[PDB]
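**Q** Before anything else, here's the structure in question.
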Amino acid sequence: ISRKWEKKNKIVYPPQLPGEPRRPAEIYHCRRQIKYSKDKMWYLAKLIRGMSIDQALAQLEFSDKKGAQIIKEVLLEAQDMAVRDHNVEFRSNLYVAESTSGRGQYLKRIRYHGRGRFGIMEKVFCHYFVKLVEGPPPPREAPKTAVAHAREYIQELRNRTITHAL
Amino acid sequence: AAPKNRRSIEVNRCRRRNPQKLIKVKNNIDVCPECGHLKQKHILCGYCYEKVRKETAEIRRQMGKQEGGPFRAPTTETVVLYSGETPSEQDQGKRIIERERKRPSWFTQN
Amino acid sequence: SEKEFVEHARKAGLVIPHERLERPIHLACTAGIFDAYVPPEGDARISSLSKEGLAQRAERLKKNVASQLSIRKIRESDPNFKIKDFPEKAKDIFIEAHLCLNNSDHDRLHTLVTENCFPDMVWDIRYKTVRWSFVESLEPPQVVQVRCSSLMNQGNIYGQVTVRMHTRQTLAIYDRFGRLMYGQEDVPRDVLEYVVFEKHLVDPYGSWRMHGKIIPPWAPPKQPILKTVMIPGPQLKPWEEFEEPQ
Amino acid sequence: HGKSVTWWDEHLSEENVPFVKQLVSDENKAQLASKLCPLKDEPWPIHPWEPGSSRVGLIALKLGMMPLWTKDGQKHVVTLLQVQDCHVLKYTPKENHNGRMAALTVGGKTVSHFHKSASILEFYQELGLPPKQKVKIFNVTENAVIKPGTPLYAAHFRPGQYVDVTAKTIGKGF
Amino acid sequence: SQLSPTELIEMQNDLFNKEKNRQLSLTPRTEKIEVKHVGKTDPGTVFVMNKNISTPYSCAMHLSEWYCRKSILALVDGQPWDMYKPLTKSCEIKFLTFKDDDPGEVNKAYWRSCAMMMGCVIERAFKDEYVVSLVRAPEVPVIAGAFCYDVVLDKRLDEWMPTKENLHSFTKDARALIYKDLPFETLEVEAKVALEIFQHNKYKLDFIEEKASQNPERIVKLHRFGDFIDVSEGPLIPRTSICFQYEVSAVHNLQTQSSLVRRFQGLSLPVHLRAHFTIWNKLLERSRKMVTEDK
Amino acid sequence: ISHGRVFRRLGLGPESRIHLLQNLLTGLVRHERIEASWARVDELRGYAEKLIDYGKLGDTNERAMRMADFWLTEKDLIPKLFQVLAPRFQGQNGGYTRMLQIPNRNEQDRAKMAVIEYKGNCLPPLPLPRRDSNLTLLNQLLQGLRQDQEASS
Ligand SMILES: [Mg+2]
Ligand SMILES: [Mg+2]
Ligand SMILES: [Mg+2]
Ligand SMILES: [Mg+2]
Ligand SMILES: [Mg+2]
Ligand SMILES: [Mg+2]
Ligand SMILES: [Mg+2]
Ligand SMILES: [Zn+2]
């Protein structure tokens, strides 16, 4: 087994000199050995990437997946750590910077078919990782406009040089 | 039939992350004016309805003790009265249900 | 197929195992404070008077019967003990103990502070960064009272000395991310404390160790914190209604 | 900005929902009745019939079927097609649609404003007509052009003529 | 005086910021004030805010993002309060939204704020060869057709009614102002300092003196967003981006024996209460009609 | 091809469909407010509307008694229908019951729930969706149109 996500909260940074930009808070939290599957849990994690904590909880409130309740508990307990263990005011000023799902330890069983045959059954366990960063959520990138494509294409035609020139 | 070759992870990632198979966001989430919790526009509030259901169970539990038999039902209308209240003239001729707790704010007397 | 999971951690305690210890636990210092000194409410203004403050404190030492008996008990248990030289030793221990927290050196702190004092000054600042300094001492320290207790179970005698020190300090606590949290750096705030020390007399070594820190009830409130906090409201179950106390 | 979805009835109070329905309903009758003078509102010039000319069709609603008998005793089945609201919407020049024949646009029956797109509602506002359900394109020669907004009636077809019918058939699924 | 339009705006911003720094310097130490939440949704919540630097918007951020977006006007005790004006003393707070059964206070604030946006667009639309003098923003109830703003134009611009394209040009500029997110800043400024801000505008000086007469302390309220400073009565909405539908309806002429005032009327609706296209056009036509309500 | 079919396939067949609605209807009459699956509640609404119509016919009509005999599987509810429910509903013609969508059941199946009840029941009211008050900004603007329209017309 490997446990490095838990140890990321023990990092102590040197004090900042006056005049430097304020360092946004970073909170690392995770839950181990969740009965939910790895692939099914991934879709929930992909849903809440880049959204603020309040709207992330709203989306997971009404989701019918069994893991929606599991993730909502993780976010709620991570928010309490941010406001108490860390000096993060404005408990609504957090956004989910990164969320992902890993695989845990599986239990192997025997699944019967018939004719004396069998198949190996894998009990599935998964982990959930979430990182919360203080501040408003970043703005999502818009698709490239018509001018953007034209500018790149003209630039590309201007970079051309005589191949095998001299 | 059986597969001919193992699917590469590049092909699997395209299929497993297609926009159709992703979870769609919900844009009809609103805050309940009375209790401040979350609910959908076309759905009753979960917290407010649970508040009513708990009270309704208590009222029905009181009625069961007022009719011991399993096939005993009133032939008249029913009125629920809380502590500190007395039946009105229009409420006479009906069975009376007594509750010790104070009349809740959401419940309205007529 | 018959494989299962192991390593479920739980903490269970019973009376029987605690009573079956072959070697009883040895305590270096007592847990609580035998008696809390009650300073008069006028110490905030007497501290500005030199002759009145020193003379009044001197009389309290020479007039208390219980305190003088405790002083003689220390002398009988261990000679070459002087009340006059104690505050200078107590003042240096106070400065050294806090400078250990600045450098986060726990090995030296164990010798300076006692077992009952170590968790209080370490637990909260474990992952934080503090910078404490000493600038001036407006009023020299004075010995308030001395008490002793005789535990006939083992004959252990502990000598508690209460010292009142008027100290000028510069406290600044930094967040683990490097941002300022509690106080500035260049402000020499004036603070008054009633530090209680403790020494084990039966122990041939018997280092003088700081035991506790007593704050007067009428002490001015501490400087406000920079971070804004919110007190959460009473969590309400659906079948319970809110009531407003007046 | 994750703006929430909304509909026309979301923010309307109980004392104004009947008022809004009355407001839109009165506008439809005023607009429809103001188009009942095609020859009194400066129509386009009318040309005499010429060989090879094509006329303008209609958009009708299929009611049902009735039996019909002829003078020779034979039995025929007829389908009742009703024209509810038919108005020419827009005219396309000959060289901008096909290059051989002009195109005349005809709308369907009246529908509610509250369930149409912004562009569709804006287009009808300029003309001054209530929104239509279905819109079809008719190929019409230049000598049979009709000014947009001119109403059309079932009298456009005289008995004894042969006509075509184009519509989506009954969908039976997979 | 010889002041270009860029310089006079810069002078006012410098004066406003200088006054803002003076107010901040009046509080040397951060003082803790206990604010009790008396709202219906979350009773019993107690906030511990800083004096003169903590705004009720920052108070709402402790609860959830829903209070940050839904709330428009905060109710300090029994007095309406902006969501960007810092608190002063320990009190009780309540948040008012459009959905509440009595949005009359919020409706008045929204109507005032939309009038201020029109004044900024009108002032910075005419060429520098013409003089534009903003008079005031008359208080008209929301039950009327639309909000109106009074503007005095040049003497040589007397016989000029804006065309349909010109009226639509103001709307496009207003929407551009809506596109950028500009918060509203509320500051209490002494009457004589306010006269310095509006030295060029004769009518504004008269308006300041009239408002200063109603208060014994000779104190007036100034509101600034972006680079525009104007005097208005009552609170304002916290954010510019609250407005979604904005349109300048038409203009009207009110001739007085001393001067001529142009009445610019326009209708707007917020993001929360946006209406259908069919309903919007019906309301827009009523906004064309003259609005006459001053006292 | 299910064109024109207004009924739904429930239970083990057409006979089990009636019995499932027979038990739900019996529970609705006795308790006046029950919750079940949204699809099953929608079907139950049609029968509850017409059952009151049979109640209005009277206690003496033979067809009404036979019709109420089959649907009211508990025999102590027939007097209730003809003496409580029927006398209460005399004014309205079709507004007998309300249907609202309860949030999904907190179980594995995550079914779509609904609540069905009779008018004027002796129970605490459901949190009905209340419309915006007339004092709202949008409503005030529209009320200006009505006052001006009524002033001239
Ligand atoms: Mg076998
Ligand atoms: Mg295998
Ligand atoms: Mg496998
Ligand atoms: Mg079909
Ligand atoms: Mg069907
Ligand atoms: Mg089935
Ligand atoms: Mg149905
Ligand atoms: Zn609710």
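Following the order of the structure tokens, first chain is A, next is B, and so on, with residues numbered from 1 inside each chain and ligands from 1 in the order they appear.
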Quick one: residues within 8 Å of residue 86 of chain D, only C-alpha atoms counted, chain neighbours fewer than 4 positions away excluded, as a VMD selection string?
**A** chain D and resid 58 to 60 106 to 109 151 to 153
**Q** Go ahead and dump the residues you just picked, N, CA, C and O atoms, as a compact mmCIF listing (two decimals), in the first residue's frame.
**A**
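As written to disk, part.txt reads:
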```
# COMPACT_ATOMS: atom_id res chain seq x y z
N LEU D 58 -51.59 25.42 -50.43
CA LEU D 58 -52.04 25.76 -49.09
C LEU D 58 -51.44 24.80 -48.08
O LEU D 58 -50.81 23.80 -48.44
N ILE D 59 -51.65 25.11 -46.81
CA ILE D 59 -51.33 24.22 -45.70
C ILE D 59 -52.61 23.98 -44.93
O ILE D 59 -53.20 24.92 -44.38
N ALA D 60 -53.04 22.72 -44.87
CA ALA D 60 -54.33 22.38 -44.29
C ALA D 60 -54.15 21.32 -43.21
O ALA D 60 -53.07 20.74 -43.04
N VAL D 106 -45.32 29.59 -47.10
CA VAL D 106 -46.65 29.49 -46.53
C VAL D 106 -46.56 28.87 -45.14
O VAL D 106 -45.86 27.86 -44.95
N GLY D 107 -47.24 29.48 -44.17
CA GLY D 107 -47.24 29.00 -42.81
C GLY D 107 -48.41 28.08 -42.49
O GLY D 107 -49.32 27.88 -43.29
N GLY D 108 -48.38 27.52 -41.29
CA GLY D 108 -49.38 26.60 -40.80
C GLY D 108 -50.36 27.25 -39.86
O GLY D 108 -50.59 28.46 -39.90
N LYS D 109 -50.96 26.44 -38.98
CA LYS D 109 -51.96 26.94 -38.06
C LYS D 109 -51.31 27.72 -36.92
O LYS D 109 -50.11 27.61 -36.66
N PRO D 151 -53.99 36.55 -46.92
CA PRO D 151 -54.62 35.31 -46.46
C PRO D 151 -55.07 34.44 -47.62
O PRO D 151 -55.32 34.92 -48.73
N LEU D 152 -55.16 33.14 -47.36
CA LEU D 152 -55.60 32.17 -48.34
C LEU D 152 -56.70 31.30 -47.74
O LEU D 152 -56.70 31.01 -46.54
N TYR D 153 -57.64 30.89 -48.59
CA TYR D 153 -58.81 30.14 -48.15
C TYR D 153 -58.93 28.86 -48.97
O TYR D 153 -58.25 28.67 -49.98
```
**Q** Kindly assemble as CSV a list of the chain B residues that lie within 12 Å of ligand 8, each paired with its nearest atom pair and their distance in Å to one decimal, using only C-alpha atoms and all ligand atoms, sorted first by chain and then by ascending residue number.
**A**
```
residue,atom,partner,partner_atom_place_in_ligand_line,distance
B:30,CA,ligand 8,1 (Zn),10.3
B:31,CA,ligand 8,1 (Zn),7.8
B:32,CA,ligand 8,1 (Zn),4.6
B:33,CA,ligand 8,1 (Zn),6.6
B:34,CA,ligand 8,1 (Zn),5.3
B:35,CA,ligand 8,1 (Zn),4.4
B:36,CA,ligand 8,1 (Zn),6.2
B:37,CA,ligand 8,1 (Zn),5.7
B:38,CA,ligand 8,1 (Zn),7.3
B:39,CA,ligand 8,1 (Zn),7.4
B:40,CA,ligand 8,1 (Zn),10.5
B:41,CA,ligand 8,1 (Zn),11.6
B:43,CA,ligand 8,1 (Zn),10.6
B:44,CA,ligand 8,1 (Zn),7.8
B:45,CA,ligand 8,1 (Zn),4.6
B:46,CA,ligand 8,1 (Zn),6.5
B:47,CA,ligand 8,1 (Zn),5.1
B:48,CA,ligand 8,1 (Zn),4.2
B:49,CA,ligand 8,1 (Zn),7.5
B:50,CA,ligand 8,1 (Zn),9.2
B:51,CA,ligand 8,1 (Zn),8.9
B:52,CA,ligand 8,1 (Zn),10.6
B:106,CA,ligand 8,1 (Zn),11.5
```
**Q** As a PyMOL selection string, please: the residues near segment 138-153 of chain C (cut-off 7 Å, only C-alpha atoms, same-chain neighbours under 5 positions excluded).
**A** chain C and resi 61+67+70-71+87+158-167
**Q** If the limit is 12 Å from any atom of ligand 2, counting only C-alpha atoms and all ligand atoms, which residues qualify? Return them as a list in words.
**A**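 Sorted by chain and then by number, the residues are residues 118, 119, 120, 121 and 122 of chain A.
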**Q** Using N, CA, C and O atoms, can you write the selected residues to a file as a compact mmCIF listing (two decimals), in the first residue's frame?
**A**
```txt
# COMPACT_ATOMS: atom_id res chain seq x y z
N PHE A 118 -16.41 -22.38 -13.37
CA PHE A 118 -16.40 -21.29 -12.40
C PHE A 118 -15.65 -20.10 -12.99
O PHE A 118 -14.91 -20.23 -13.97
N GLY A 119 -15.84 -18.95 -12.38
CA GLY A 119 -15.12 -17.75 -12.76
C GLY A 119 -14.74 -16.96 -11.53
O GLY A 119 -15.45 -16.95 -10.52
N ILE A 120 -13.59 -16.29 -11.62
CA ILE A 120 -13.06 -15.55 -10.48
C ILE A 120 -13.78 -14.21 -10.37
O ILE A 120 -13.81 -13.43 -11.33
N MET A 121 -14.35 -13.94 -9.21
CA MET A 121 -15.07 -12.70 -8.94
C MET A 121 -14.18 -11.76 -8.15
O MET A 121 -13.57 -12.17 -7.16
N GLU A 122 -14.12 -10.51 -8.58
CA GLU A 122 -13.27 -9.50 -7.95
C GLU A 122 -14.15 -8.48 -7.24
O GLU A 122 -14.80 -7.66 -7.89
```
**Q** Near residue 139 of chain D, counting only C-alpha atoms, which residues have an atom at most 10 Å away, once you skip same-chain residues fewer than 5 positions from it, shown as an NGL selection string?
**A** :D and (54-57 or 92 or 94 or 97-98 or 100-105)
**Q** Can you spit out the residues from that selection as a short mmCIF file (atom, residue, chain, number, x, y, z; two decimals), in the first residue's frame, using N, CA and C atoms?
**A**
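Listing of selection-v9.cif after writing:
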```
data_model
loop_
_atom_site.label_atom_id
_atom_site.label_comp_id
_atom_site.auth_asym_id
_atom_site.auth_seq_id
_atom_site.Cartn_x
_atom_site.Cartn_y
_atom_site.Cartn_z
N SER D 54 -47.55 28.14 -62.67
CA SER D 54 -47.83 27.38 -61.46
C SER D 54 -48.42 28.30 -60.40
N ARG D 55 -49.39 27.78 -59.65
CA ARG D 55 -50.08 28.54 -58.62
C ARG D 55 -49.49 28.22 -57.24
N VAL D 56 -50.09 28.80 -56.21
CA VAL D 56 -49.62 28.66 -54.84
C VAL D 56 -50.53 27.68 -54.11
N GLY D 57 -49.92 26.73 -53.40
CA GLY D 57 -50.67 25.77 -52.62
C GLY D 57 -51.04 26.31 -51.25
N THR D 92 -39.22 34.93 -52.12
CA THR D 92 -37.82 34.83 -52.51
C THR D 92 -37.69 35.08 -54.01
N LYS D 94 -36.38 35.00 -57.95
CA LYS D 94 -36.14 33.84 -58.80
C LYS D 94 -34.68 33.42 -58.78
N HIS D 97 -33.30 31.63 -55.17
CA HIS D 97 -33.81 30.38 -54.65
C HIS D 97 -33.42 29.20 -55.52
N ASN D 98 -33.73 29.26 -56.82
CA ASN D 98 -33.49 28.13 -57.70
C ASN D 98 -32.85 28.56 -59.02
N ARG D 100 -34.82 29.28 -61.60
CA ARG D 100 -35.85 29.05 -62.61
C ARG D 100 -37.23 29.51 -62.17
N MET D 101 -37.62 29.25 -60.92
CA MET D 101 -38.92 29.65 -60.41
C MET D 101 -38.75 30.28 -59.03
N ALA D 102 -39.60 31.27 -58.76
CA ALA D 102 -39.58 31.92 -57.46
C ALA D 102 -40.15 31.00 -56.39
N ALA D 103 -39.87 31.33 -55.13
CA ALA D 103 -40.32 30.55 -53.99
C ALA D 103 -41.21 31.40 -53.11
N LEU D 104 -42.38 30.87 -52.76
CA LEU D 104 -43.31 31.53 -51.86
C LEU D 104 -43.48 30.69 -50.61
N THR D 105 -43.39 31.33 -49.45
CA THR D 105 -43.41 30.65 -48.17
C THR D 105 -44.81 30.73 -47.57
#
```
**Q** Tell me which of A:59, A:161, A:52, A:2 sits closest to chain B, counting only C-alpha atoms.
**A**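 For chain B, the nearest of the candidates is A:59.
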**Q** Output as a list in words the set of chain A residues within 12 Å of chain E, with distances taken over only C-alpha atoms.
**A**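 Per the criterion, chain A yields residues 51, 52, 53, 54, 55, 56, 57, 58, 79, 83, 88, 89, 90, 91, 92, 93, 94, 95, 135 and 136 of chain A.
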**Q** Show me which residues are within 10 Å of ligand 7 counting only C-alpha atoms and all ligand atoms, and format the list as a PyMOL selection string.
**A** chain F and resi 6-8+38-46
**Q** Suppose we keep N, CA, C and O atoms; can you now write the selection as a PDB file, in the first residue's frame?
**A**
```pdb
ATOM      1  N   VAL F   6     -53.983   4.576 -23.525  1.00  0.00           N
ATOM      2  CA  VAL F   6     -53.934   5.466 -22.368  1.00  0.00           C
ATOM      3  C   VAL F   6     -53.656   4.734 -21.065  1.00  0.00           C
ATOM      4  O   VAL F   6     -53.422   5.388 -20.037  1.00  0.00           O
ATOM      5  N   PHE F   7     -53.673   3.406 -21.067  1.00  0.00           N
ATOM      6  CA  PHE F   7     -53.417   2.625 -19.867  1.00  0.00           C
ATOM      7  C   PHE F   7     -51.963   2.165 -19.829  1.00  0.00           C
ATOM      8  O   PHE F   7     -51.235   2.229 -20.822  1.00  0.00           O
ATOM      9  N   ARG F   8     -51.547   1.692 -18.659  1.00  0.00           N
ATOM     10  CA  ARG F   8     -50.175   1.273 -18.425  1.00  0.00           C
ATOM     11  C   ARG F   8     -50.140  -0.174 -17.955  1.00  0.00           C
ATOM     12  O   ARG F   8     -51.037  -0.635 -17.246  1.00  0.00           O
ATOM     13  N   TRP F  38     -44.566   7.173  -8.853  1.00  0.00           N
ATOM     14  CA  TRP F  38     -45.227   8.219  -9.628  1.00  0.00           C
ATOM     15  C   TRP F  38     -46.079   7.633 -10.744  1.00  0.00           C
ATOM     16  O   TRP F  38     -47.172   8.135 -11.029  1.00  0.00           O
ATOM     17  N   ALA F  39     -45.591   6.577 -11.399  1.00  0.00           N
ATOM     18  CA  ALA F  39     -46.378   5.945 -12.451  1.00  0.00           C
ATOM     19  C   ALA F  39     -47.655   5.331 -11.894  1.00  0.00           C
ATOM     20  O   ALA F  39     -48.727   5.458 -12.496  1.00  0.00           O
ATOM     21  N   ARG F  40     -47.563   4.660 -10.744  1.00  0.00           N
ATOM     22  CA  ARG F  40     -48.750   4.052 -10.155  1.00  0.00           C
ATOM     23  C   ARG F  40     -49.699   5.100  -9.588  1.00  0.00           C
ATOM     24  O   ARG F  40     -50.919   4.908  -9.622  1.00  0.00           O
ATOM     25  N   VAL F  41     -49.164   6.203  -9.062  1.00  0.00           N
ATOM     26  CA  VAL F  41     -50.020   7.262  -8.535  1.00  0.00           C
ATOM     27  C   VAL F  41     -50.775   7.952  -9.665  1.00  0.00           C
ATOM     28  O   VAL F  41     -51.948   8.316  -9.513  1.00  0.00           O
ATOM     29  N   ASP F  42     -50.124   8.135 -10.815  1.00  0.00           N
ATOM     30  CA  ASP F  42     -50.789   8.773 -11.947  1.00  0.00           C
ATOM     31  C   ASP F  42     -51.997   7.964 -12.402  1.00  0.00           C
ATOM     32  O   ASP F  42     -53.050   8.530 -12.714  1.00  0.00           O
ATOM     33  N   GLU F  43     -51.861   6.638 -12.453  1.00  0.00           N
ATOM     34  CA  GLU F  43     -53.003   5.793 -12.784  1.00  0.00           C
ATOM     35  C   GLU F  43     -54.087   5.886 -11.719  1.00  0.00           C
ATOM     36  O   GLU F  43     -55.280   5.918 -12.038  1.00  0.00           O
ATOM     37  N   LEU F  44     -53.690   5.930 -10.445  1.00  0.00           N
ATOM     38  CA  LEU F  44     -54.666   5.963  -9.360  1.00  0.00           C
ATOM     39  C   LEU F  44     -55.488   7.245  -9.372  1.00  0.00           C
ATOM     40  O   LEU F  44     -56.621   7.256  -8.877  1.00  0.00           O
ATOM     41  N   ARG F  45     -54.944   8.328  -9.931  1.00  0.00           N
ATOM     42  CA  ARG F  45     -55.677   9.590  -9.957  1.00  0.00           C
ATOM     43  C   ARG F  45     -56.964   9.468 -10.762  1.00  0.00           C
ATOM     44  O   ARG F  45     -58.009   9.992 -10.357  1.00  0.00           O
ATOM     45  N   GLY F  46     -56.911   8.773 -11.899  1.00  0.00           N
ATOM     46  CA  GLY F  46     -58.100   8.638 -12.726  1.00  0.00           C
ATOM     47  C   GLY F  46     -59.236   7.926 -12.016  1.00  0.00           C
ATOM     48  O   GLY F  46     -60.399   8.318 -12.138  1.00  0.00           O
TER      49      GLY F  46
END
```
**Q** Just the residues within 7 Å of residue 118 of chain F, please, counting only C-alpha atoms, with nothing from its chain fewer than 4 positions along; format it as a ChimeraX atom specification.
**A** /F:32-33,96-98
**Q** Write out, as a JSON list (two decimals), in the first residue's frame, the residues just selected, with N, CA and C atoms.
**A**
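What follows is the written file out_33.json:
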```json
[["chain", "number", "residue", "atom", "x", "y", "z"],
["F", 32, "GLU", "N", -56.58, 9.22, 3.31],
["F", 32, "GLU", "CA", -56.76, 10.49, 2.61],
["F", 32, "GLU", "C", -55.45, 11.10, 2.12],
["F", 33, "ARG", "N", -54.30, 10.46, 2.37],
["F", 33, "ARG", "CA", -53.03, 10.93, 1.81],
["F", 33, "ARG", "C", -52.05, 9.77, 1.84],
["F", 96, "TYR", "N", -60.97, 17.05, -7.19],
["F", 96, "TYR", "CA", -61.10, 16.22, -6.00],
["F", 96, "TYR", "C", -59.76, 15.92, -5.34],
["F", 97, "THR", "N", -58.70, 15.76, -6.12],
["F", 97, "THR", "CA", -57.43, 15.29, -5.59],
["F", 97, "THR", "C", -56.27, 16.08, -6.17],
["F", 98, "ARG", "N", -55.15, 16.05, -5.46],
["F", 98, "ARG", "CA", -53.92, 16.72, -5.86],
["F", 98, "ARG", "C", -52.81, 15.70, -6.01]]
```
**Q** Would you mind listing, as a list in words, all residues of chain F that have at least one atom within 6 Å of chain D, where only C-alpha atoms are what counts?
**A**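 Residues of chain F within 6 Å of chain D, counting only C-alpha atoms: residues 1, 131, 132, 133 and 134 of chain F.
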**Q** At a cut-off of 8 Å, using only C-alpha atoms, what residues contact residue 80 of chain B? Leave out same-chain residues fewer than 4 positions from it and give the result as an mmCIF file with N, CA and C atoms, in the first residue's frame.
**A**
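Okay, this is what ended up in result00.cif:
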```
data_model
loop_
_atom_site.group_PDB
_atom_site.id
_atom_site.type_symbol
_atom_site.label_atom_id
_atom_site.label_comp_id
_atom_site.auth_asym_id
_atom_site.auth_seq_id
_atom_site.Cartn_x
_atom_site.Cartn_y
_atom_site.Cartn_z
ATOM 1 N N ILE B 59 -50.161 12.409 14.208
ATOM 2 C CA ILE B 59 -51.612 12.579 14.211
ATOM 3 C C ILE B 59 -52.301 11.247 13.948
ATOM 4 N N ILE B 96 -62.633 14.561 17.674
ATOM 5 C CA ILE B 96 -61.616 15.501 18.127
ATOM 6 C C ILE B 96 -60.328 14.738 18.398
ATOM 7 N N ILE B 97 -59.229 15.215 17.820
ATOM 8 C CA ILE B 97 -57.899 14.657 18.040
ATOM 9 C C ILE B 97 -57.114 15.660 18.873
ATOM 10 N N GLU B 98 -56.570 15.203 19.996
ATOM 11 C CA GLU B 98 -55.858 16.059 20.933
ATOM 12 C C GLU B 98 -54.364 15.781 20.856
ATOM 13 N N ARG B 99 -53.573 16.843 20.729
ATOM 14 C CA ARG B 99 -52.121 16.750 20.742
ATOM 15 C C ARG B 99 -51.561 17.694 21.795
ATOM 16 N N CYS F 122 -57.981 16.189 6.767
ATOM 17 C CA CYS F 122 -57.689 16.616 8.136
ATOM 18 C C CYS F 122 -56.231 16.364 8.508
ATOM 19 N N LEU F 123 -55.320 16.826 7.665
ATOM 20 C CA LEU F 123 -53.891 16.624 7.830
ATOM 21 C C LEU F 123 -53.167 17.935 7.578
#
```
**Q** At a cut-off of 10 Å around ligand 1, and using only C-alpha atoms and all ligand atoms, what residues come up? Please write them as a PyMOL selection string.
**A** chain A and resi 112-117
**Q** Could you turn the residues from that selection into a file that holds N, CA and C atoms, as a short mmCIF file (atom, residue, chain, number, x, y, z; two decimals), in the first residue's frame?
**A**
```
data_model
loop_
_atom_site.label_atom_id
_atom_site.label_comp_id
_atom_site.auth_asym_id
_atom_site.auth_seq_id
_atom_site.Cartn_x
_atom_site.Cartn_y
_atom_site.Cartn_z
N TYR A 112 -20.02 -19.11 -9.73
CA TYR A 112 -20.40 -20.36 -10.36
C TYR A 112 -21.24 -20.11 -11.60
N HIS A 113 -21.03 -20.93 -12.63
CA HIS A 113 -21.82 -20.86 -13.86
C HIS A 113 -22.67 -22.11 -14.05
N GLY A 114 -22.06 -23.29 -14.05
CA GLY A 114 -22.74 -24.52 -14.41
C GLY A 114 -21.79 -25.43 -15.15
N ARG A 115 -22.19 -26.67 -15.39
CA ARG A 115 -21.34 -27.69 -16.00
C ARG A 115 -20.03 -27.88 -15.24
N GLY A 116 -20.00 -27.53 -13.96
CA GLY A 116 -18.80 -27.64 -13.17
C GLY A 116 -17.78 -26.55 -13.39
N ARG A 117 -18.12 -25.51 -14.14
CA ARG A 117 -17.20 -24.41 -14.40
C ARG A 117 -17.35 -23.32 -13.35
#
```
**Q** Throw together the list of residues within 8 Å of ligand 6, counting only C-alpha atoms and all ligand atoms, and drop it here as a list in words.
**A**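 Answer in the requested format: residues 9, 10, 11 and 12 of chain F.
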**Q** Which distance in Å separates atom CA of residue 100 of chain B and atom CA of residue 236 of chain C, to one decimal?
**A** 20.7 Å
**Q** Please list as a list in words every residue within 7 Å of residue 154 of chain E, counting only C-alpha atoms and excluding residues in the same chain fewer than 5 positions away.
**A**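 Once the nearby chain positions are removed, what remains is residues 130, 131 and 132 of chain E.
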**Q** Restrict the distance test to only C-alpha atoms, flag each residue of chain E within 10 Å of chain B, and return the flagged residues as number ranges by chain.
**A** E: 40-42, 66-67, 70, 99-100
**Q** Using N, CA, C and O atoms, can you write the selected residues to a file as a JSON list (two decimals), in the first residue's frame?
**A**
```
[["chain", "number", "residue", "atom", "x", "y", "z"],
["E", 40, "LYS", "N", -34.78, 34.36, 8.35],
["E", 40, "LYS", "CA", -35.70, 33.24, 8.50],
["E", 40, "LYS", "C", -35.00, 31.91, 8.29],
["E", 40, "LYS", "O", -35.28, 30.94, 9.01],
["E", 41, "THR", "N", -34.10, 31.83, 7.31],
["E", 41, "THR", "CA", -33.53, 30.54, 6.93],
["E", 41, "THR", "C", -32.58, 30.00, 8.00],
["E", 41, "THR", "O", -32.69, 28.83, 8.40],
["E", 42, "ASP", "N", -31.65, 30.82, 8.48],
["E", 42, "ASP", "CA", -30.60, 30.38, 9.39],
["E", 42, "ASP", "C", -30.58, 31.28, 10.62],
["E", 42, "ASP", "O", -29.73, 32.17, 10.75],
["E", 66, "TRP", "N", -25.06, 30.68, -2.19],
["E", 66, "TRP", "CA", -26.43, 31.07, -2.49],
["E", 66, "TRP", "C", -26.75, 32.45, -1.92],
["E", 66, "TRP", "O", -27.40, 33.27, -2.58],
["E", 67, "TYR", "N", -26.30, 32.72, -0.70],
["E", 67, "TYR", "CA", -26.48, 34.05, -0.13],
["E", 67, "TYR", "C", -25.66, 35.10, -0.87],
["E", 67, "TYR", "O", -26.03, 36.28, -0.88],
["E", 70, "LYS", "N", -28.01, 35.39, -4.42],
["E", 70, "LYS", "CA", -29.42, 35.77, -4.30],
["E", 70, "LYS", "C", -29.58, 37.12, -3.61],
["E", 70, "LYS", "O", -30.39, 37.95, -4.05],
["E", 99, "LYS", "N", -37.29, 37.45, -4.51],
["E", 99, "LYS", "CA", -38.33, 36.45, -4.31],
["E", 99, "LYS", "C", -39.14, 36.70, -3.04],
["E", 99, "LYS", "O", -40.21, 36.10, -2.89],
["E", 100, "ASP", "N", -38.67, 37.56, -2.15],
["E", 100, "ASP", "CA", -39.37, 37.81, -0.90],
["E", 100, "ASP", "C", -40.73, 38.45, -1.16],
["E", 100, "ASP", "O", -40.96, 39.10, -2.19]]
```
